[PDB]
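What follows is a short report on a single structure.
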């Protein structure tokens, strides 16, 4: 009698009532028990949607107390019910918690409000796809008193589920991986094969569009560099912590606390000092010549660039000769070689790298790389050597990465703000544990791992399975979870890559930068179209497009330099590149989502960022000076 009935006519009033669920399935280690039930009352003939209801009253609890009743007027002659339970905290994974199909054919003697059945019949959850597991029963009650097979795929195609939980289709016919469904009949006479041709041609102009930073007793501790002040002054500063000093830090301890210049982070001078310090000592052959075939560019290279006895030969000038090519070698053929080798290497097909979780156009080391290839060590050393050579010769490498990758390459610790860019679900669960009391989760020091079809349990610490988590120790629990999830899984391959990188460059010369700068150093500095950026940025919570705060923000953004604008873009969206089509395809954790500005925080606080949703939380500001100062401070301190 409350409502929710839009059929009328010759129909019968029936009440459904869900009660609860017992022992619901989950694959998230933590559990992520945040389900919601969708009731779909329809007709068994055409399966057209007639009544759709959704309820969500239980969060962070495996057994939901969903004692919910719904009244609808339909004829039970040819009607059916579907109960689809999903999970709102299983992003990037199959959230299909389960499905149950209820036929309206039995029709027992039901007398609501005039009977004491006390039955609450249980029905087993039924899976819908092979990529789904169901456990437990759903309790239902019915009342009616008143009256009067995956689709086939083309040959060479196969579907895989990466460790994140998403799915992607890989084709062996052309050795290429993609996200959408496998292509239909190839009929690649000229148009379909030209699509790959124009894609390469379009992407190749993009690579040449980006430009490097330069073209825009004796050692020092890492992170310390020299700068020149006016009136002919020399002062050494530390980029590890914002410290500026006059006398040299080496053994000059008594001479400290002087009127040093205010701290400033300048990239051009930093790269200038870096390239000044790096040198090739001793002797080396003056012509490092290689010959390559296009179709085997990745393969043949691995038998030469790695088979070298010593890395010093790499420091020499590079010379490349392509098959059936006799063009000039004015440092452009090497650039095209670097671009093509990079585009071939950074492919998920080989399994070395897989796409990240915060976006879908960046790459990270695959923790499951051992299964896909038996010799990931050698290929990772090869890629490290290629990256080292690219940085040494000053060329540009078209391979991007997430922040924690560079953070580990600099030998820095890992926190939740790093893990947010490797997997959204773990970050959300860990942040919920840190902010709230973990007693509700009631999860002890146990990790459930399934291998070879059998599932076992492991402990982070000895006697972990016999100690429950509580307050005042969640810090070590989340730290060990981070170690088991990200740091320890990929430490060996990352160490191999780091050794390959440092075999060609000194490793004390890279700690001077930070995690936001190596990406620009290796991939080059791009260009951002500010106008198209402005036309494709939504605002909410009262920030009008012509609201004063948004006007000041856009004025400041168009007022900043290219390097700081790039740093702001990297600080917001977690990647210093934009899609080649434009700013309209800026993907996020849960699908595409444009640049967004949010009204949040106190006026005297720095703006925050959210790379998962590509959002910038900016408190309102009084005048232009305050906004420029705060935004510049936040961008310079982007961490």
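Basis: the model, the stated rules and, where named, an outside source; these are not laboratory values. Note: ideal-geometry Cβ built from the backbone for every residue, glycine included; neighbour counts use all protein chains shown.
For the range 291-317, enumerate the residues that are more than 35 Å from the chain's Cα centre (by Cα) and either part of a helix (DSSP H, G or I) or within 25 Å of residue 499 (Cβ to Cβ) (or both).
Result: 308, 309, 310, 312, 313, 316, 317.
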If you scan the range 152-183, which residues turn out to be under 19 Å from the mean Cα position of the chain (by Cα) and more than 25 Å from residue 132 (Cβ to Cβ)? none
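Each row is one residue, and each column tells you yes or no for (1) more than 15 Å from residue 630 (Cα to Cα); (2) in contact with a helix residue (DSSP H, G or I) (Cβ under 8 Å, 6 or more places away or on another chain); (3) outside the structural domain of residue 629 (by TED's automatic domain parsing).
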{"position": "549", "(1), (2), (3)": "no, yes, no"}
{"position": "555", "(1), (2), (3)": "no, yes, no"}
{"position": "582", "(1), (2), (3)": "yes, yes, no"}
{"position": "591", "(1), (2), (3)": "yes, no, no"}
{"position": "598", "(1), (2), (3)": "yes, no, no"}
Can residue 501 be described as in contact with a helix residue (DSSP H, G or I) (Cβ under 7 Å, 6 or more places away or on another chain) and closer than 17 Å to residue 369 by Cβ? no
Residue check, residue 421 against (1) over 23 Å from residue 211 (Cβ atoms); (2) in contact with a strand residue (DSSP E or B) (Cβ under 9 Å, 6 or more places away or on another chain); (3) assigned to a helix (DSSP H, G or I), all met but one. Which one? (3)
Do we find a residue being part of a helix (DSSP H, G or I) and within 30 Å of residue 375 (Cβ to Cβ) anywhere in the range 438-461? no
Filter the range 446-478 down to residues that are in contact with a helix residue (DSSP H, G or I) (Cβ under 7 Å, 6 or more places away or on another chain) and within 15 Å of residue 430 (Cβ to Cβ) and give me whichever is surrounded by the most Cβ atoms within 10 Å (Cβ to Cβ). 478
Filter the range 24-69 for residues that are crowded, with 19+ Cβ neighbours inside 10 Å, outside any strand (DSSP E or B) and either in the same structural domain as residue 165 (by TED's automatic domain parsing) or more than 30 Å from the chain's Cα centre (by Cα) (or both) and give the result. 64, 66
Can we say residue 163 is part of a loop (DSSP other than H, G, I, E, B) and within 30 Å of residue 333 (Cβ to Cβ)? no
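Only one residue in 467, 512 is under 20 Å from residue 222 (Cα atoms) and in the same structural domain as residue 410 (by TED's automatic domain parsing), so which one is that?
Working: 467 fails: under 20 Å from residue 222 (Cα atoms).
Within the list 467, 512, the selection yields 512.
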Entirely in the range 470-585, the helices (runs of 4 or more DSSP H) that have 2 or more residues that are in contact with a strand residue (DSSP E or B) (Cβ under 9 Å, 6 or more places away or on another chain) and closer than 23 Å to residue 380 by Cβ: 491-502
Among the residues of the range 484-497 satisfying the criterion of being more than 19 Å from the chain's Cα centre (by Cα) and more than 15 Å from residue 364 (Cβ to Cβ), which is surrounded by the most Cβ atoms within 10 Å (Cβ to Cβ)? 496
Cβ-Cβ under 8 Å, sequence separation 6+ or interchain: first residue in the range 256-282 and assigned to a loop (DSSP other than H, G, I, E, B), partner surrounded by fewer than 14 Cβ atoms within 10 Å (Cβ to Cβ). Which pairs? 261/229; 263/242; 278/506
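Each row is one residue, and each column tells you yes or no for (1) surrounded by 13 or more Cβ atoms within 10 Å (Cβ to Cβ); (2) over 29 Å from residue 632 (Cα atoms).
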| residue | (1), (2) |
| --- | --- |
| 186 | no, yes |
| 195 | no, yes |
| 203 | yes, yes |
| 209 | no, no |
| 231 | no, no |
| 239 | yes, no |
| 262 | no, no |
Tell me, please, whether a residue that is buried (at least 16 other Cβ atoms within 10 Å of the Cβ), assigned to a strand (DSSP E or B) and touching a strand residue (DSSP E or B) at 6+ places or on another chain (Cβ under 8 Å) can be found in the range 2-12. yes
Residue within the range 103-126 that is farther than 18 Å from residue 62 by Cβ, surrounded by 13 or more Cβ atoms within 10 Å (Cβ to Cβ) and in contact with a helix residue (DSSP H, G or I) (Cβ under 9 Å, 6 or more places away or on another chain) present: no
Filtering the range 70-90 for residues that are part of a loop (DSSP other than H, G, I, E, B) and farther than 30 Å from residue 440 by Cβ leaves a count of 4
